[PDB]
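Descriptive analysis of the structure
Each chain, written out:
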Amino acid sequence: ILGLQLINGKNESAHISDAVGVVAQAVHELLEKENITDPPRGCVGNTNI
Amino acid sequence: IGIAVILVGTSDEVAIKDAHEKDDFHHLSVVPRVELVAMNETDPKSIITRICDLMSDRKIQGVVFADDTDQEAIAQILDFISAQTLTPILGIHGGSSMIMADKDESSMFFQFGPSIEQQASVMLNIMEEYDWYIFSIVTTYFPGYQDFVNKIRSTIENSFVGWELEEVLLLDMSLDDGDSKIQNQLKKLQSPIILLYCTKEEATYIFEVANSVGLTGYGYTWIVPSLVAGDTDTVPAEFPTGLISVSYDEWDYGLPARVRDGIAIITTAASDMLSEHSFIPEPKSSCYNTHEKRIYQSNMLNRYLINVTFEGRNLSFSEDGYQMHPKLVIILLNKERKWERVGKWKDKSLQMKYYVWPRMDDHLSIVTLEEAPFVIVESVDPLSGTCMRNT
Amino acid sequence: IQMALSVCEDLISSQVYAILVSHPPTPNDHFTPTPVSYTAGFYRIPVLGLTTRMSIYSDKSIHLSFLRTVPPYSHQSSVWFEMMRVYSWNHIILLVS
Amino acid sequence: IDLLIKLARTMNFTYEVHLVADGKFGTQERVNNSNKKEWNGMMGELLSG
Ligand SMILES: *[C@@H]1O[C@H](CO)[C@@H](O)[C@H](O)[C@H]1NC(C)=O
């Protein structure tokens, strides 16, 4: 069988470092413009996007 | 089989309450437990909690959901309850109206509203009636374009009518600095009829580029699906006059009417099982213990829940979970920036008030008389609805 | 069960920006990414998928707020074309579910 | 058929002769219940395998 797999894709313990790397570097530009909102507070209290 | 009519927002619950209690046929145990919880179910916690205490309190085996707000994905979370549990849930109006593309294999969901494929066929029926055989398609990366174009392409391919399809555009505003990437291709459009598939927010933007190029005004007629229209009251004042769109009927098919037929569908389908089962399915009266509550699966109900006819009109749902024969209405944007109703589409029949297009001076009438080889009239072709070729 | 509630009183009650999915203990299952992309999907709260190998979370018509750190199974077709591009294969027959 | 004999020998392939069913040479015609034009005769028996 000429199968197929992936490498460095199952390293979930090491995946979060790249996973947090992109988002943490993305909030830098997120909080760099006008009218930057706030994430919804609670569940029942918030009612819309 | 208890039916819980759930409606949220700013609507009339008493109209739903009075209509639901008036059961037309008592031959089946409708037993509609109409809680009619008016609490805003926008938050997931509210809706998920009330569902499994509704099943706990009244031992119901059916729910119908109604909503007033947009709630673009309140059906997405609603489908999760249907998939995890086995109790059928049928949408009525609002955030459950839009058709979900794909659901779970065991999804107990049936929405009210035509799918994208149905919306693609009705626009062609408009085009067939008015003989605008030449057309072009503009689309985006939004999902369903691979199906919207395919439905158009399949209908066009190998047809008696001499359709003319060209200039399929598959670019939108998602790409950065796309202002120069969409003007070059938009200059390649030459057909008087352009079929558009986009999002309401980018629909205004995509026309702004078209207005700059000049593909607007008279001589060009564009057609858009229901989701592009978004809301009849919300006119973004950017869409040109003559934007003809097709959407589900929000006026005639009223909320008390929707529950009347909607509550009938689940009752007659479930009672059909009791004829051949003699044992009403009883999922656990909770939103937990799904591992042990799913043993008594009632997927046989789903297999025939779709095929249901009530009061003559067949309200059957497709296997994917969209209405087979919906009551679509054709809406047109007049010169006053207000959506204007035109005609009604049902039973594969397109009947509309305007027998001729109100376009007007590039539109000049001509009076002729049927005499001699000078002018010859024989008949119209009813096989496809189009007049003829070379006539 | 708790997944429907596993975001309101303990995740979005603590001022969350992004949600990271888990990995199901059984590899041949996908219960893990369904609720996070539904409760937070319609809340416009982005959800990052680190062990979501299924291709359903690839349209964004449903699961609108979903990011994936691993390409799905359907992306194996992208390399297959390049794989037979180097072996000059042209007569193939697909066998899919 | 004579031309077929010389064509097969110089090409190394075996042939089985089977005639059409309807007997028409081939054209595109409309079908009842919507247009959906299809080929009939040889042409339908060639595109359909
Ligand atoms: C035709 O094929 C046969 C066996 O398949 C053999 O004689 C040879 O390969 C060919 N003969 C020719 C091309 O003259």
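Residues numbered from 1 in each chain as written, not as in the entry; some residues may be left out. Chains lettered and ligands numbered in written order. Part of a larger assembly, values for the part shown. Heavy atoms only, no water. Residues with missing side-chain atoms left out of burial classes, pairs and counts.

Method-wise, the PDB entry is recorded as coming from cryo-EM, at a reported resolution of 3.65 Å.

1. Remarks on the interface of chain B and chain C
Rules: Pairs of residues are marked as contacts when any of their non-hydrogen atoms sit within 4.5 Å. Comment: elements are numbered from the N terminus, with helices defined as DSSP H or I runs of at least four residues and strands as E runs of at least two.
Counting from both sides, the interface comprises 21 residues of chain B and, opposite them, 14 residues of chain C. Secondary structure elements with two or more residues in the side of chain B that touches chain C: helix 2 (44–58) and helix 3 (74–84) of chain B. No other element matches the 5 residues that helix 3 of chain B contributes to the side of chain B that touches chain C.

2. A look at the packing of aromatic side chains
Residue and element names in this part refer to chain B. Rules: Here a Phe, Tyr or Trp ring, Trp counted by its six-membered ring, pairs with any other such ring whose centre lies within 6.5 Å, and the pair is stacked when the planes are under 30 degrees apart, edge-to-face when over 60, and tilted otherwise. Remark: exposure states derive from per-residue accessible area (1.4 Å probe, protein chains only) relative to the maximum for the residue type, with buried under 20%, exposed over 50%, and partly exposed in between.
Applying the stated criterion across every chain, the model contains 15 aromatic pairs over all chains. Relative to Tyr-197, the ring of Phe-148 has its centre 5.2 Å away and its plane inclined at 20°; by these criteria the two rings are stacked. Of the two residues, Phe-148 is situated in helix 5 (residues 145–156) and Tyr-197 in the loop between strand 7 (193–196) and helix 7 (200–213); the sequence distance between them amounts to 49 residues. By relative accessible area, which is 1% here, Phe-148 ends up buried. Aromatic rings pair up to connect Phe-110, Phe-112 and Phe-317 into one cluster.

3. Quick word on a nonpolar patch on the surface
Residues and elements named next belong to chain D. What counts is decided by this rule: A patch consists of residues exposed above 30% relative accessible area that lack any salt bridge, with like charges linked at up to 9 Å and nonpolar side chains (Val, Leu, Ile, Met, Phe, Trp, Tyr) linked at up to 5 Å. A 1.4 Å probe and the Shrake-Rupley method give the accessible areas. Residues count as covered only by the protein chains that appear here. Salt bridges are defined as contacts in which a side-chain nitrogen from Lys or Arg sits within 4 Å of a carboxyl oxygen from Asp or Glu.
Taken together, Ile-1, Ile-5, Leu-7, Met-11, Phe-13, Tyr-15, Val-17 and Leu-19 make up a surface patch of nonpolar side chains, about 840 Å² in accessible area. Relative to the assigned elements, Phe-13 resides in the loop between helix 1 (2–9) and strand 1 (26–29). Using a relative accessible area of 39% as the deciding quantity, one classes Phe-13 as partly exposed.

4. Brief notes about the pairing of strand 7 of chain B
Each regular strand carries side chains that alternate between the two faces of the sheet. Residues and elements named next belong to chain B. Rules: Strands are treated as partners if at least two bridges between them are detected by DSSP.
Residues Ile-193 and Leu-195 line one face of strand 7 and the alternating positions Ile-194 and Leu-196 line the opposite face, and both faces are buried. In this sheet, strand 8 (residues 221–224) lies alongside strand 7 in parallel orientation, the contact comprising 3 bridges. The partner of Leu-195 across the bridge, within strand 8, is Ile-223.

5. Observations concerning the arrangement of the chains
Ranking the 4 pairs of chains in contact by number of contacts places chains A and C first. If you take every C-alpha in chain A and every C-alpha in chain D, the smallest gap between them is 31 Å, and the two do not touch. No part of chain C reaches chain D; the closest C-alpha pair between them is 17 Å apart.

6. A closer look at the pairing of strand 5 (residues 134–139) of chain B
All names here are of chain B. Stated formally: A crossover counts as right-handed when, viewed with the strands pointing away from the observer, the path leading from the first strand over the helix to the second turns clockwise.
The element strand 5 is extensively covered by neighbouring structure, given that 5 of its 6 residues are classed as buried. Bridge count for strand 5 against strand 6 (residues 164–170) is 5 bridges, and the pairing is parallel. Looking across to strand 6, one finds that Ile-134 is bridged to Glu-164. Remark: the strand 5/helix 5/strand 6 crossover connection has right-handed handedness.

7. Looking at the pattern of salt bridges
All names here are of chain B. Here the structure, examined in full by the defined rule, presents 2 salt bridges over all chains. Two residues, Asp-249 and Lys-327, come together in a salt bridge whose shortest N-O distance is 3.9 Å. Residue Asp-249 is found in the loop between strand 9 (244–248) and helix 9 (255–277), and its partner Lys-327 is found in the loop between strand 11 (313–314) and strand 12 (328–333); the two are separated by 78 residues along the sequence. The salt bridge partner of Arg-341 is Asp-249, with a shortest N-O separation of 3.5 Å. Residue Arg-341 is located in strand 13 (residues 339–346), and its partner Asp-249 is located in the loop between strand 9 and helix 9; the two are separated by 92 residues in the primary sequence. Residue classification places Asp-249 among the buried residues on the basis of a relative accessible area of 0%. One network of salt bridges, with partners in common, ties together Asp-249, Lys-327 and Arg-341.

8. A few points about the sheet that holds strand 4 (residues 109–110) of chain B
Residue and element names in this part refer to chain B. With parallel pairing, 4 strands are arranged side by side in an open sheet as 1-2-3-4. Across the chains shown, the open sheet's two edge strands, defined by having one partner strand only, are strand 1 (4–7) and strand 4. Bridging between strand 3 (residues 89–93) and strand 4 involves 2 bridges; their strand directions are parallel. What sits directly across from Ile-89, in strand 4, is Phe-109.

9. Comments concerning the state of the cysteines
Formally: Two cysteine sulfur atoms make up a disulfide if the distance between them is within 2.5 Å.
This model, assessed by the stated rule, comprises 2 disulfides over all chains. Paired through a disulfide, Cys-43 of chain A and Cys-8 of chain C show a sulfur-sulfur distance of 2.0 Å. Taken together, the residues span two chains, with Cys-43 of chain A in the segment after helix 1 (12–30) and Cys-8 of chain C in the loop between helix 1 (2–5) and strand 1 (19–20).

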